[PDB]
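Here is the structure we will look at, set down as C-alpha cells.
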RNA sequence: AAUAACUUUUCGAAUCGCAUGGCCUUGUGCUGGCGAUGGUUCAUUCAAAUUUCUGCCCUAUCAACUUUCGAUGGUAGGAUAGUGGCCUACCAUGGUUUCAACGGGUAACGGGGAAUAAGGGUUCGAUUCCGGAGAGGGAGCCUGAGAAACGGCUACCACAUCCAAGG
RNA sequence: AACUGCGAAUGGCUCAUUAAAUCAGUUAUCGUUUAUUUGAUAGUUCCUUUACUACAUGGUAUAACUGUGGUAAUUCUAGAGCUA
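Residue numbers (the authors' numbering), protein chains in the order written: chain m, 2 to 261; chain I, 2 to 135; chain o, 1 to 218.
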C-alpha cells in the first residue's frame with residue numbers, strides 16, 4: 002500500500018524474540034541495516050528482554066544515547082538497530098562483550114566472550130564480483146564489502162574480518178570435513194560437518210551434515226555457515242555446542258541436574 | 002506490627018544506568034500493608050543511599066496477607082537518580098515538582114486555533130483592532 | 001474608490017480618498033504597469049506621474065498582471081505566483097482573481113510615484129521611514145560602504161542600540177560568508193583527506209599486483 | 001575493461017559544531033583532531049511491480065464464446081522503471097470449450113482459522129494476524145524515493161453549509 | 001516567528017466491488033525501480049596549457065519583520081521598504 006511500512010505488530014514479530022502475547026500491541030520493527038529483519042535482533046530486545054538491563058523502552062534509549070553500546074566496534078544509537086548473526090555487541094561500562102550466535106532451539110543466545118574474540122568476526126561470502134576500475138570485491142552475509150580479496154575466495158566460504166580495520170585475515174574454504182553452523186530452518190543452531198554436498202543445477206544445492214554424535218540431517222546450501230575445521234572452530238561456542246538432544250534426554254538432564 | 006523484614010532478591014548491578022535493581026520481598030506477618038516510604042527509609046540504611054537514591058514502585062500483597070512483593074531501585078549519587086528516573090516517580094517522592102498544564106482538550110484546541118494564523122499574529126491584531134475601534 | 005499611494009524613494013505610505021468621478025475616470029481603461037500623469041487627478045498632483053501597481057475590488061479580490069478582460073475570473077494558481085500561498089508543497093488551487101484593467105468596481109487601488117514634480121505633500125514626501133536592517137552577508141556590507149577586498153568588514157557592521165530601561169547594549173548581525181581561520185581549517189582538512197585517501201588506494205592496488213605476480217610463479 | 005565520438009553537459013563539499021594542538025624561515029605563516037550534514041557509483045537492507053505451477057461456491061431454467069473499435073501470434077516502432085498487444089503500423093488466422101468454455105447468480109473479500117467432535121464428513125469465517133480493495137460515484141493529476149493519495153488538488157450526483165445575495 | 005530539511009504513502013476503519021480475479025503454498029527477475037539503514041567509493045573540473053580568472057571563499061531574491069489597505073465572510077491576501 003503506497004509505500005514502505007513502519008509498524009510491526011505482536012503476533013507478527015519473529016518467534017525467536019520471545020515477546021509475550023499480551024502487554025503490547027506492537028513489536029520493535031527492526032530498522033534497515035546489515036541483517037534481514039526476520040533473522041535479526043533489535044537492540045531493545047537484547048538489552049531489555051535478554052539482559053534485563055532495562056525495564057521500559059524509554060530507558061533503553063536512555064542507555065543508548067549515552068554512547069555505551071557498540072555493535073561491530075562502532076557506537077550505534079538507534080533503539081531498533083538490526084543486530085544479527087556474529088554481531089559483537091560490547092558494553093564497555095560493564096566490560097561485557099557478547100557475540101550473537103544461535104541456540105540449539107533456534108533462539109539467540111546470551112553468549113558472553115572475552116576482550117580478544119571481541120575484535121573479529123566471521124562472514125559468509127554471498128558473491129564475489131569484479132567492481133569498476135577492475136577492482137574485485139567480496140560481500141559478506143551482513144552486507145560488508147571488502148575490496149581486494151585473496152583470489153582463492155569463492156562463494157560460500159567464510160572470511161575472518163578484523164573489526165578495527167575491516168580487512169580480511171585468513172579464511173576457510175568450502176569442502177568436506179569442515180565444521181558448520183546452521184543458520185535457518187528446522188535445524189537452526191546445529192553444528193556438524195560438510196560430509197556430502199549435493200549439486201543441483203537449476204536450484205537449491207543441498208548439504209548433508211554430520212554432527213559429533215553421529216547423527217545426520219540435510220539443509221539447503223544457503224542455511225550453512227562454515228566456522229572452521231572439525232574440532233577446531235574459529236569462534237567460541239554456546240552451551241551444548243549445538244547438539245540437539247531429543248526431548249527424552251532434555252527431560253533427563255533437567256531432572257538429574259534439578260538437585261545436585 | 003511486631004516486625005517487618007526486607008529481603009532483596011535477584012540483585013542485578015547496572016553500571017551503565019548507574020543503579021542497582023532488585024526484587025523487594027517484604028514479610029509483614031501482622032501489619033496491614035507496609036507503606037513504601039519507610040521501605041525507602043529502611044532500604045537506605047542497608048545500601049547507604051540517603052532515601053533519594055532509592056525507589057520502590059510495584060508492590061502487590063499476596064493473597065491471605067502477611068507478605069508483599071515489589072520491585073526496587075537503588076541509585077548511585079542522587080544527582081543520577083534524577084537523571085534517570087521518570088518524572089512521575091520523582092514527584093511521588095517530592096524530588097521533582099508537578100508541572101502544571103491544561104488538559105489535552107485545551108492543549109489541542111489551542112494548537113488548532115493557533116494553526117489558522119500565519120506569522121507573529123500581531124500584524125493582524127493591529128489592523129483588526131482599528132476596525133473594531135472604528 | 002480609495003487610493004494607496006506609496007513613494008518608494010523615501011519609503012513612505014499614505015492612503016487618499018477621492019470621490020470625484022472626473023478625476024477617477026482618468027484611471028479607467030488602464031492596465032497595471034501603465035503610468036498615469038497626475039495633473040488631471042488634483043491641483044496638488046501636478047508634476048507627478050503615477051504607475052498603477054494593484055488593488056482590490058469591492059469584494060476583496062486583488063487584481064493580477066496579465067489577466068486582461070477586467071472581470072472576475074478563476075485561475076488555477078501554483079507556487080511562485082501571486083494571490084496564492086500554497087498550503088502544502090505541490091498543491092495548486094483554483095481561486096477567483098480580478099483583471100488587470102482598472103474599472104469602476106474597485107474598492108481600492110495602489111499607486112507608486114515614479115517622478116516627483118514641483119509640488120509638496122506633507123504626509124508622504126517630507127517624512128522619512130528608515131531602512132529596517134543593514135546588510136548581513138560579508139560582501140553585501142562591503143559594497144554597501146564601497147569597501148575594497150581587504151578592508152576587514154568586521155568593524156563596519158550596522159549596530160543597533162537596545163536599552164531595557166537603563167542599559168544601552170548593542171546587537172549586530174553574524175556576518176555570513178566571512179573568511180575565518182575555522183573555514184580555512186575545514187578547507188585544508190577536506191583537501192588533505194582527498195590526497196591521503198587517493199594514496200592509500202594506490203598502495204592497496206600496488207600491493208594486490210604484487211600478490212598476483214607471485215601467483216604467476218606457478 | 002579498450003577504441004572513436006556524443007551530451008539543454010550529471011557528479012567531482014564556496015556547508016555546520018565542539019576542540020584547539022605541533023614546526024621555524026615569528027606570518028592572523030604552514031600543518032593538525034574528533035563528527036554533523038551532503039554527494040556519484042556499486043553492494044546491502046526496507047520494499048515495490050511484474051511473474052511460474054496447482055487449487056474456488058450454485059447454475060445447461062447459460063453450448064458455443066473471442067476476431068470487425070486487439071481477439072491468438074509474428075516483424076518493427078512508441079511508451080514504461082522494466083517484460084509484454086501495453087499501444088501503433090504491417091502481416092497471418094488464430095485462441096478457449098462437455099475434462100463445462102462463455103454467460104448468469106451469490107444476502108462471495110481470500111487465507112490462517114471457528115462450530116460440531118468414532119472414522120469419513122457438514123456448516124461458518126464482516127471481524128484481534130497476513131494479503132487485497134475503498135474512502136458519497138467516476139475520472140484526471142501535482143509533489144515525491146514511494147500516491148492515480150482523498151484528515152492533497154481539478155467538477156458533478158444520493159448531496160449539503162454560510163451569509164450583507166457579491167461570493 | 002518564518003525560510004530550509006524530513007514526515008504527512010505509516011497507522012486506524014470498513015468489506016462495497018471482486019468467482020482464475022483476490023488469495024494460499026511454490027517459483028522467477030539472465031525482465032526492473034528503490035528515499036532511508038549499513039559497507040565501500042571520487043589528485044584528472046582551466047586554456048593551441050606566458051599577460052589568467054576571487055579561492056583568505058563569487059551573485060541577487062524573498063520570507064519572517066516594518067508600514068498602507070480591501071472583503072459580511074476562510075489556514076483570503078495586494079501594493080511599498082529591509083535582510084539570511
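Here a beta-carbon is modelled for each residue, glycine too, at the ideal position from N, C-alpha and C.
- Spanning the alpha carbons of residue 87 of chain I and residue 43 of chain m requires a straight line of approximately 23 Å.
- With distances taken between CA atoms, residue 14 of chain o lies nearest to o/109 out of o/109, o/162 and o/218.
- Interface flag for residue 148 of chain m against chain o is set, since a Cβ pair is found closer than 9 Å.
- When beta bridges are read from the DSSP output, residue 148 of chain o appears opposite no residue.
- The criterion of a C-beta distance shorter than 9 Å is satisfied by residue 70 of chain m and residue 77 of chain m.
- Residue 143 of chain o counts as exposed, since fewer than 16 other C-beta atoms from the protein chains shown sit within 10 angstroms of its C-beta.
- Nearest in C-alpha terms to residue 26 of chain I, of all of I/44, I/68 and I/42, is I/68.
- At a cut-off of 9 Å between C-beta atoms, residue 45 of chain m does not count as an interface residue with respect to chain I.
- The C-alpha of residue 56 of chain I is placed about 6 Å away from the C-alpha of residue 73 of chain I.
- Counting C-beta pairs with one atom in each stretch, the region 47-58 of chain o and the region 29-39 of chain o have three or more that are closer than 8 Å, which means they touch.
- When Cβ-Cβ separations below 9 Å define contact, residue 136 of chain m makes contact with chain o.
- Checking the DSSP bridge columns, you'll see residue 121 of chain m partnered with m/163.
- In the three-state scheme derived from DSSP, where H, G and I count as helix and E and B as strand, residue 166 of chain o is classed as coil.
- Under a criterion of Cβ atoms nearer than 8 Å, the residues of chain m adjacent to residue 85 of chain I are, in order, 60 and 63.
- Within chain I, the C-beta atoms nearer than 7 Å to that of residue 94 of chain m come from 16 and 17, in chain order.
- DSSP, read as helix, strand or coil, puts residue 110 of chain o in strand.
- The shortest C-alpha to C-alpha distance from residue 57 of chain m to any of m/29, m/37 and m/164 is the one to m/29.
- Under the Cβ distance rule, residue 29 of chain m does not count among the residues neighbouring chain o, no pair being separated by less than 9 Å.
- Within the same chain, and ignoring the five residues on either side of residue 145 of chain m in sequence, the residues whose Cβ sits closer than 8 Å to its Cβ are 35, 124, 162 and 167.
- In the three-state reduction of the DSSP assignment, residue 76 of chain I falls in the strand class.
- Look at residue 72 of chain I: its C-beta is under 9 Å from a C-beta on chain m.
- Annotation: residue 80 of chain m to residue 105 of chain m spans about 27 Å, alpha carbon to alpha carbon.
- Taking a cut-off of 8 Å for Cβ pairs, the region 104-119 of chain m and the region 185-198 of chain m touch, as three or more such pairs fall below it.
- Per DSSP, the unbroken alpha helix (DSSP H) holding residue 111 of chain I starts and ends at 105-115.
- If you draw a straight line from the Cα of residue 81 of chain o to the Cα of residue 164 of chain o, it is about 42 Å long.
- Judged by DSSP secondary structure, residue 191 of chain m falls outside any alpha helix (DSSP H); it is assigned neither H nor E.
- A buried status is given to residue 45 of chain o, since no fewer than 16 other beta-carbon atoms sit within 10 Å of its beta-carbon.
- Taking a 10 Å sphere around the C-beta of residue 173 of chain m, we find 16 or more other C-beta atoms and assign the residue as buried.
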